[PDB]
Amino acid sequence: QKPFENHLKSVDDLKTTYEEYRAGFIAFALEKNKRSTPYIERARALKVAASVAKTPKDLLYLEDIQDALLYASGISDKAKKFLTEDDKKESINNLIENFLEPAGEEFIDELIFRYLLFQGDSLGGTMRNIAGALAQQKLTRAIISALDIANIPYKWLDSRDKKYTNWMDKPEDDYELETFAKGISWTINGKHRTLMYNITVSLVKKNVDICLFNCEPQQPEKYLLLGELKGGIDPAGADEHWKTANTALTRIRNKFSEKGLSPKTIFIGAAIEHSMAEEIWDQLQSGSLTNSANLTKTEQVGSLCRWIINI
Amino acid sequence: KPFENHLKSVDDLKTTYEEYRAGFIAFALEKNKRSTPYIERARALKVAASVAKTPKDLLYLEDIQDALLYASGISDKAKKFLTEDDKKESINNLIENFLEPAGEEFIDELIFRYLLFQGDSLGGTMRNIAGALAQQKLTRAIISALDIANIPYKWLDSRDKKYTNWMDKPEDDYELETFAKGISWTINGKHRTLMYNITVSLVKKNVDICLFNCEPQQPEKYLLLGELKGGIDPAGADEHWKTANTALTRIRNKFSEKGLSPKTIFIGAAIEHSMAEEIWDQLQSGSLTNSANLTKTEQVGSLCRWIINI
DNA sequence: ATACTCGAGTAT
DNA sequence: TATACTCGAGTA
C-alpha cells in the first residue's frame with residue numbers, strides 16, 4: 001500500500017547482503033586500478049624531470065617540479081590553501097633537509113617514493129568522489145529505463161553544460177545517457193516533473209542530492225521531493241553517513257514545515273546495516289521518511305523509481 | 001547557562017583562519033613524522049622483490065605476498081571481503097596489467113604502486129591519530145583543571161585493554177594525557193568518573209565522552225554524554241557536526257524514554273558559521289548543555305572547570 | 001565560497 | 001565481535 005511497502009516487507013529487506021558488499025569492494029578496486037595509471041605516470045615523469053638535479057638543493061631550481069616538491073613535502077592540495085608562500089617554501093626545505101639529503105645517493109627515489117605515498121591520499125579522495133558520481137548514474141539509469149519501459153519521453157540536462165539551462169530531448173538510444181545527466185524532466189498525467197541532482201535548496205541553505213520539482217523543465221511550494229543518495233559500499237561507513245543524512249533530512253523537514261510545506265523525503269543507500277535499517281523503517285512507519293531503497297537491490301530501486309515518476 | 005561563561009555570541013564558537021592554518025601545519029608535521037616507516041617498508045619491499053627476475057617470479061616470494069596484494073589495489077579494509085581466489089586474481093591482474101607491461105622497470109612499477117595505495121593507508125592512520133590527539137588535549141585540560149584546584153584524581157591506562165587498573169595520579173602528571181582512557185575524582189563529596197569512547201547501553205552506540213556519577217549499564221549513572229571532534233578541516237566541520245547531531249539525538253531520545261536527562265555537550269576544533277548558529281540555538285533552547293571550540297583555550301578551560309563541578 | 005563525495009584506518 | 005568510531009583526501 002504505502003510506497004515503500006511495495007518493495008519492503010521487513011526491516012531487514014533494507015539490509016545490504018554480504019555478497020553485495022564483496023561485489024562492491026571488488027568493483028571499487030577495479031575502478032581504482034583504472035584510475036591509478038595517470039598517478040604512476042606522473043611519478044615516472046617527475047623522476048625524469050627531477051633527475052637533472054645532481055643534488056637535493058638543485059631541485060629548488062627546476063621550476064617545473066615545485067608543486068610536486070610541495071606535495072612530496074607532506075602538503076595536500078586541501079592543506080595548501082591555508083599556507084603562505086613562506087610556509088610552502090619552508091615545507092619544501094624541510095623535505096630537502098629532513099629526507100632528501102639524508103637519502104644521499106638515493107635522493108631521487110626518496111622524492112618519488114614520498115611524492116607517491118602522499119599522492120595516494122589524493123587518489124583516495126578522487127575515488128570517493130567517483131563512487132558518488134557512479135551512484136548518481138545508477139539511479140538515473142533506473143529512472144530513464146523506467147520512463148523508457150513506460151513509453152514516456154523525457155528531456156535531459158547535460159552536466160557538462162554549466163549554464164544548466166539547455167534541456168535536450170532524449171536521444172533515440174539513450175544508452176549511457178546517465179553518465180552525463182544533471183537532471184531529467186518528464187510529464188505524467190498532465191503534470192510536469194523535473195528531477196535535478198545536487199542542488200542548493202534555498203530554504204535550508206544546504207545542498208541536496210536529489211530534488212524533484214513540480215514544474216516544466218527556489219519557490220518552496222515547487223519542491224515535491226528531496227532525498228539523500230549514498231553510493232558508498234563500505235559497511236563501516238553505513239551508519240556514519242546515515243547519521244549525516246538524517247540531520248540533513250531533518251534540516252529539510254524543519255525548514256519546510258516552518259513554511260507550512262511537507263515535501264516528500266527519501267533515503268537511498270548502497271550500504272545499509274541493521275541498526276540504521278531499524279531507524280529508516282521506523283521513519284517510514286511514522287511518515288517522517290516517505291520512501292527508501294537499498295541501491296544494491298534492483299527490485300527496490302525499480303519500485304522506488306516507478307513511484308518517483310508517478311509522484 | 002554554563003556556556004555563557006565563555007560564549008557571548010554565536011561567532012565566539014567559530015574557528016579562526018589562524019587556528020586552521022596552525023592545525024593544518026601541525027597535521028603535516030605529524031604526517032611527515034609518521035611517513036618514514038611507510039617509505040622504509042617500500043625500500044625493504046624493493047630489496048625482497050628484487051630477487052625476482054620476472055613479474056611471475058614474484059609469486060614465489062612468500063614474504064611479499066601481502067604487499068603484492070596491497071600494490072594490486074586492495075586496501076586492508078577491502079581485503080576482509082575477498083576470498084583467497086579473489087586475492088590471487090587481484091595479484092595476477094597486477095602482474096599482467098602493470099608489471100609485465102613495465103618490462104625492465106617492473107620492480108619500480110610494483111614499488112610505486114605499493115606506495116601509491118599505501119598512501120591511503122597512511123591517510124587512514126593520520127585521521128585516527130588526529131582523533132587521539134584531540135582526546136589527549138581535552139584530558140590535559142581536565143587534569144590541569146584538577147591540578148590547579150588541588151584536587152587529586154585517579155587514572156586508567158589505555159595501554160592495557162583490561163581497563164580496570166585505576167591508578168593514583170603520579171606526582172608530576174606531565175603527559176599523563178597520552179595514555180589516559182579515563183580520569184576519576186571527588187568534588188564536594190560527589191565521586192565522578194570520566195571515560196572516553198564507551199559503548200552506551202541504552203543507545204547501543206559508542207560515545208566520545210562519558211561522565212559517571214560513580215567512583216571508579218545503569219543508564220542513570222550517566223551524568224553527561226558528549227561528542228568531541230578534533231578535526232581541523234573546515235570542509236569537514238558541517239559534515240561531522242551533522243553526524244554528531246544525530247548521535248546526540250539518539251542519546252536524548254533513548255534516555256528520555258527512560259525518564260533520564262543526562263547533560264550533553266559538543267566540542268569541536270573546526271566550527272563554521274552555519275553549524276555555530278545551530279549549536280547556539282541548541283544551547284539557548286536547553287537541548288545542548290554546553291559547547292566549546294577546542295582551539296580556544298579559554299573555552300576549553302571554562303568547559304572543563306564546569307565538567308569537574310558537575 | 002560553502003558544504004558536498006566516501007572509505008583509509010581504528011577500537012570495543 | 002558485530003558494530004561503528006576516527007577525519008580529511010578530493011569535488012562542485
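In what follows, chains are A, B, ... by sequence order, proteins preceding strands, each numbered from 1.
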Nearest-angstrom distance from the residue atom CD of B:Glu227 to P of D:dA4: 14 Å
Nearest-Å distance, NZ (A:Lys206) to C1' (C:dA1)? 13 Å
Let's go through B:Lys229 and B:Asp208 carefully: what are the C-alpha distance in whole Å and the side-chain angles of both, what is the deciding distance for salt bridge (charged side-chain N to carboxylate O under 4.0 Å, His left out) to 0.1 Å, and is it a yes or a no? CA-CA 9 Å; B:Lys229 308 278 132 269; B:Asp208 289 337; 3.0 Å; yes
Report yes or no: do A:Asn294 and A:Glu20 form a side-chain donor-acceptor pair below 3.5 Å? no
Rounded to whole Å, CD of A:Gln136 lies from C1' of C:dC4 at a distance of 12 Å
Each nucleotide in nucleotides 7-12 of chain D should get exactly one letter: B, S or -. Can you fill that in based on protein heavy atoms under 4.0 Å? BBBBS-
Between A:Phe82 (CZ) and C:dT2 (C1'), how many Å, whole number? 12 Å
Heavy-atom side-chain proximity of B:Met195 to B:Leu156 below 4.5 angstrom: yes
B:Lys14 atom NZ is separated from C:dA3 atom P, nearest whole Å, by 11 Å
Mind checking whether B:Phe81 and A:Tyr21 have parallel, tilted or perpendicular rings, split at 30° and 60°? tilted
Close side-chain approach of B:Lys205 to A:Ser275, heavy-atom, < 4.5 Å: yes
Think B:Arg159 forms a cation-pi with B:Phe179, using NZ or CZ under 6.0 Å from the six-ring centre and within 45 degrees of its axis? yes
What stems, by residue range, does DNA chain C take part in, given at least 3 consecutive Watson-Crick or G-U pairs under 3.5 Å? C:2-12 with D:2-12
Using a 4.0 Å heavy-atom cut-off, does A:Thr200 contact any base of the nucleic acid, only the sugar-phosphate backbone, or nothing at all? nothing
CD1-OG distance between B:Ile265 and B:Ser291, expressed to the nearest 0.5 angstrom: 8.0 Å
Relative to the 5' end of DNA chain C, which residue comes earlier, A:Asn198 or B:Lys80, by the nucleotide with the nearest heavy atom? A:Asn198
Would you mind reporting whether B:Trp155 and B:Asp157 have side-chain heavy atoms less than 4.5 Å apart? yes
B:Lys242 pairs by side-chain hydrogen bond (donor to acceptor under 3.5 Å, both in side chains) with which of B:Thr246, B:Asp238, B:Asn245? B:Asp238
Would you say A:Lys243 places a side-chain N or O within less than 4.0 Å of OP1 or OP2 belonging to D:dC5? yes
Write down the distance between CZ (B:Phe179) and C1' (C:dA11), rounded to a whole number of angstrom. 16 Å
